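Residues per chain are reported as follows:
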Amino acid sequence: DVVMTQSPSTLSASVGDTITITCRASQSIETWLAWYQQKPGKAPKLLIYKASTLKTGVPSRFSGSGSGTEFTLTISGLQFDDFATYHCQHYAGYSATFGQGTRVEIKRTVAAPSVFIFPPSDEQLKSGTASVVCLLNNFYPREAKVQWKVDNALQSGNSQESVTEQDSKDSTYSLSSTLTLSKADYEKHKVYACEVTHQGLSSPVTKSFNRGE
Amino acid sequence: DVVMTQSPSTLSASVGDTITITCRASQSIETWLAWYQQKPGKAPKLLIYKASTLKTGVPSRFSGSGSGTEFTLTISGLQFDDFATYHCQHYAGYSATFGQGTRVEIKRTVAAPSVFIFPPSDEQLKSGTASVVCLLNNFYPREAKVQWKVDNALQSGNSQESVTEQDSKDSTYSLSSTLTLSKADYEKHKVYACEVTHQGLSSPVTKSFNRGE
Amino acid sequence: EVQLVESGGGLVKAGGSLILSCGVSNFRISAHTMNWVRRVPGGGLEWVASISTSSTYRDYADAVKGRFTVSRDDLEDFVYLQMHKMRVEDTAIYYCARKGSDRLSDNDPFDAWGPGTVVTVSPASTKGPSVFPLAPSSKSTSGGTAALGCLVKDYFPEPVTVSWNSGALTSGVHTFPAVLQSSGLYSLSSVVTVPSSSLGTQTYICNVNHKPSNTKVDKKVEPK
Amino acid sequence: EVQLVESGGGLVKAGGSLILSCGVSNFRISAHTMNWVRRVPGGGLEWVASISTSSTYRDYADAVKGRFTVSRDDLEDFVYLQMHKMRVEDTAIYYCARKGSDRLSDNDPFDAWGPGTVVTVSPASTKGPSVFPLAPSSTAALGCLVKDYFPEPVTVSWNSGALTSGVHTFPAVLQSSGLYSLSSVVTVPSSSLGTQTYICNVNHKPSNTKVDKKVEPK
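Residues numbered from 1 in each chain as written, not as in the entry; some residues may be left out. Chains lettered and ligands numbered in written order. Heavy atoms only, no water. Residues with missing side-chain atoms left out of burial classes, pairs and counts.

In the nomenclature of the PDB entry, chain D is known as Fab 2G12 heavy chain of Homo sapiens. The title attached to this entry in the PDB is "Anti-HIV-1 Fab 2G12 + Man9 re-refinement".

Chain C carries the name Fab 2G12 heavy chain in the PDB entry, which gives Homo sapiens as its organism.

Asker: What is the right way to look at the overall build of chain D in this model?
Answerer: Of regular secondary structure, chain D possesses zero helices and 19 strands. Dimensions of chain D, computed from C-alpha atoms along their principal axes, come out at roughly 90 × 30 × 25 Å. For chain D, buried positions account for 54% of its 218 residues. Surface accessibility of chain D: about 9500 Å² in total, with carbon and sulfur atoms responsible for 48%. (Helix = DSSP H or I, 4+ residues; strand = E, 2+ residues; numbered from the N terminus. Buried < 20%, exposed > 50% of the residue type's maximum accessible area, 1.4 Å probe, protein only. Areas by Shrake-Rupley, 256 points an atom, 1.4 Å probe, with all protein chains shown as cover.)

Asker: Got a minute to help me understand the environment of C:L104 in this structure?
Answerer: All names here are of chain C. Within the secondary structure layout, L104 lies in the loop between β9 (92–99) and β10 (110–113). For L104, a relative accessible area of 44% corresponds to the partly exposed category. Here the alpha-carbon distance between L104 and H32, two residues 72 residues apart in the chain, equals 8.4 Å.

Asker: Just to check I follow, could you spell out the packing of aromatic side chains for this structure?
Answerer: As enumerated under the stated definition, the model contains 30 aromatic pairs over all chains in all. Centre to centre, the rings of D:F110 and D:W113 are 5.8 Å apart; their planes meet at 50°, and the pair counts as tilted. Among the residues examined, D:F110 registers a relative accessible area of 1% and is labelled buried. The cationic tip of C:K13 hangs over the ring face of C:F156; the distance from NZ or CZ to the ring centre is 4.4 Å. The ring of D:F27 has D:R98 lying over it, and the distance from NZ or CZ to the ring centre is 4.5 Å. (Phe/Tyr/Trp six-rings, centres within 6.5 Å; stacked < 30°, edge-to-face > 60°. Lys NZ or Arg CZ within 6 Å of the ring centre and 35° of its normal.)

Asker: It is not clear to me how the UniProt feature "disulfide bond" in chain D should be interpreted in this structure. Could you clarify?
Answerer: All names here are of chain D. Sulfur atoms of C144 and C200 sit 2.0 Å from each other, so the disulfide annotated by UniProt is realized in this structure. With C144 in strand β13 (residues 140–149) and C200 in strand β18 (residues 198–204), the pair connects residues that are 56 residues apart, well separated along the chain. Exposure class is identical for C144 and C200. Each is buried. (Disulfide = S-S within 2.5 Å. UniProt positions renumbered as here; feature names shortened; annotations may be inferred.)

Asker: Looking at this structure, how should I read the interface of chain D and chain A?
Answerer: When the parts come together, some accessible area is lost, and that loss is often what is quoted as the size of the interface. Facing the 19 residues of chain D at the interface are 18 residues of chain A. Across the chain D to chain A interface the summed buried area is about 1500 Å²; carbon plus sulfur atoms make up 68%. When the buried area of chain D at its contact with chain A is split by residue, D:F132, D:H168 and D:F170 rank highest and sum to 34% of it. For the pair chain D and chain A, the interface holds one salt bridge. A salt bridge links A:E123 to D:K213; its shortest N-O distance comes to 3.6 Å. Contributions of two or more residues to the side of chain D that touches chain A are made by β12 (130–134), β13, β16 (173–174) and β17 (180–188) of chain D. The element best represented in the side of chain D that touches chain A is β12(D), accounting for four residues. (Contact = heavy atoms within 4.5 Å. Buried area = accessible area lost by both parts, 1.4 Å probe. Salt bridge = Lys/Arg side-chain N within 4 Å of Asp/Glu carboxyl O.)

Asker: How should I be thinking about the environment of B:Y91 in this particular structure?
Answerer: With respect to the secondary-structure elements, B:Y91 resides in strand β9 (residues 85–91). Residues in contact with B:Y91, not counting those within four places in the same chain, are B:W32, B:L33, B:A34, B:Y49, B:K50, B:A96, D:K99, D:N107, D:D108 and D:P109. Reaching out from B:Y91, the side chain makes a polar contact with the backbone nitrogen of B:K50 at a distance of 3.0 Å. (Polar contact = N/O pair within 3.5 Å; in protein donor to acceptor, adjacent residues only side chain to side chain.)

Asker: How should I be thinking about empty space enclosed by the protein in this particular structure?
Answerer: Taken as a whole, the largest cavity holds about 160 Å³ of empty space. Lining of the largest cavity is provided by 16 residues; of these, B:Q160, B:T178, C:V179, C:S187 and C:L188 occupy positions nearest its centre. Those elements giving two or more residues to the lining of the largest cavity turn out to be β16 (159–163) and β17 (173–182) of chain B together with β13 (146–155) and β17 (186–194) of chain C. (1 Å grid on protein atoms, 1.4 Å probe; cavity = no way out; pocket = protein on both sides within 12 Å on 5 of 7 lines; lining within 4 Å. Points joined across faces, edges and corners; volume = space filled by probe spheres on them.)

Asker: Which parts of the structure should I look at to understand the pairing of strand β13 (residues 129–139) of chain B?
Answerer: Strand residues, when the strand is regular, have side chains that alternate between the two faces of the sheet. All names here are of chain B. In terms of residue burial, β13 counts as a mostly covered element, since nine of its eleven residues are buried. Inspection of the sheet shows strand β12 (residues 114–118) paired to β13 by five bridges, in the antiparallel sense. When the sheet's bridge partners are listed, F118 is paired in β13 with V133. As paired elements, β13 and β17 share nine bridges and run antiparallel to each other. By the bridge assignment for β17, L135 is matched with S176. (Pairing = 2+ DSSP bridges.)

This is the structure in structure tokens:
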């Protein structure tokens, strides 16, 4: 019955910066607060507990403060290994509750995605399945929206997306979305389109193709 | 390592018969023996324990005897509800072992299967999957062998079988075997055949068709 | 080093059940409260369940209370999570995490985590069958004894019921037990034998009913 | 009146893991040794595992010893069976059975059984990928789609490792079929279409499968 709210959801900074993450509790929790680090596809790692106690082995550039309803995690001198998601946690004797997470990313200039659409290969179509792939290349920041339209009809639930980590040389992201349809359904319609929005684009960009061209 | 041996593997009898099933232990197990009934798709039901003690509620026509290495289950006046599989079991404090089971069936004269082969429907074939079905109708006893041959090539691992319970009117069994292949693999070959062997057939029967007629 | 490892993830149909387990290395669980946590696709963590030492208390998140059960086996160092009546929003990476610190107290953080197991709940809890005709052989014997039927393929879950000509054709009908295909969908065939002489006159329609998806299909079966 | 019910069955690939559970109605498990038994396709029963009161004993059939684990939970009345490193011959209907009688003794038969849960192990523990081309549109992008493989991972290079700049190989996604799929792309000068040859080298060590696919305009 305690709600924890972290701020911000995405924090963008440069290497060497000092950054602060805030965590707020809907009611007093004394100093029963812990901070975790988590990298994509990895396990969370405990950083701080009892609001300000550093776990042995955690670098001294991590520190925490606060009590009552307002808590802070400070990272004094960001290193590349520190770009990750950070979670605050109220922990009680038997249960716990987490904030929504804060993603810490490398700041760079805004970059619009380069968009490409690929029809299914003839080989795949002969097996009875059509995978249509949309590519968003080298964009920043990570927030983007991809929508599928088939003959201008918005699709829902028949696509999957995945996103790379920030590129080691240009700090951009890339994203792939796959729309999957049966041979029967794919040959029922003509126009297949990927519609893209991104902070680097002043208006949405749409790439499309006509089946069989 | 106690090994239990039941005899026979299949027992064929008429309603009202008195029948015996034997269970042999590879070494003395005193009277630590139980008997179970099991109907297809249902849970086993305890009939007898301590070799000869009837479980409360089990009909008195069931009885068991034996000790050491030789045990017998007797059904004195078979009723229709008793046609089922029966299992013997040596049970110890923390382990058990079963015989291979004895299937008790209704006896009738030998009846050869009527064999039919069906090619995949055009509709299904266009979706990319080819189901070829072979049917063995109204045969007895239950033991039958089906082999698929494509261009005289023995198939393996691409078929499934299903068998009915003994028919309520003629006490026969029926069997269906389905050979599944991708549209690509199905169109690679010409002759599709199922070869059937059975005690009621003096030689194996083969039904075949040529793809496309 | 302390280690934990989850097992049992995979694909589940909505409404279905899946059970997870967790084993450990280089410590005994008996002194620790053990927890399950999941990371949802949006990126945030959600506490799921906890079990105190000696299983004195089991506490659950509101979203899973009444559907999930946590158990511990302190003698062989396992934790379990039963998930029943699963919902699309249970889709997540599930982690097994111990509550503890350098010196155990009444309230410690989560100092050790497993790598996680992926659990994916697909939105469809049912799927109606495709019905294809099993056409009688054009090379039948002249006088009678022909076989026809329907193939009822790719449906979930069981069962399907089949009749022929709305129940008027019963003699000679065999509807076989379904088989579970490698795709996780069921498939069965229903056949009937009839006089070859009736081909052309008698119309033969198989009535497939699939109550779970409330799907009914009537397919007409004809020669060639 | 007494009832048991197994949960957790389904399809598993060889080498995989699956966990079963057993719950009860109208009695407490704490006084009972609990057992797992399986019915193999041939029709016979095989004792699998037993766990005594207070978890004092766990015994396993020789064929599953070292791969299976049985546990009990006396407070909410559940029994568990972990099945690891699964084999085709583990395919069976699995039943949860109670040891007991009207008056409990040191050695009773199995007087109560659940209805059983079906567990099916498929023979293939691996599957090599299908590789399809992602053809460039007639700064151009091309790639390969690596579809329907299991388990992870696959590695991808381009032109045997000579082409690295501009390459992105995406994390695999788990498809609803239980097979993985990923795409690998590269951006190249539009002018090189026709001159430079582009081949993606897909290596899938689990299935010991290698595929080289040529990608061309159209």
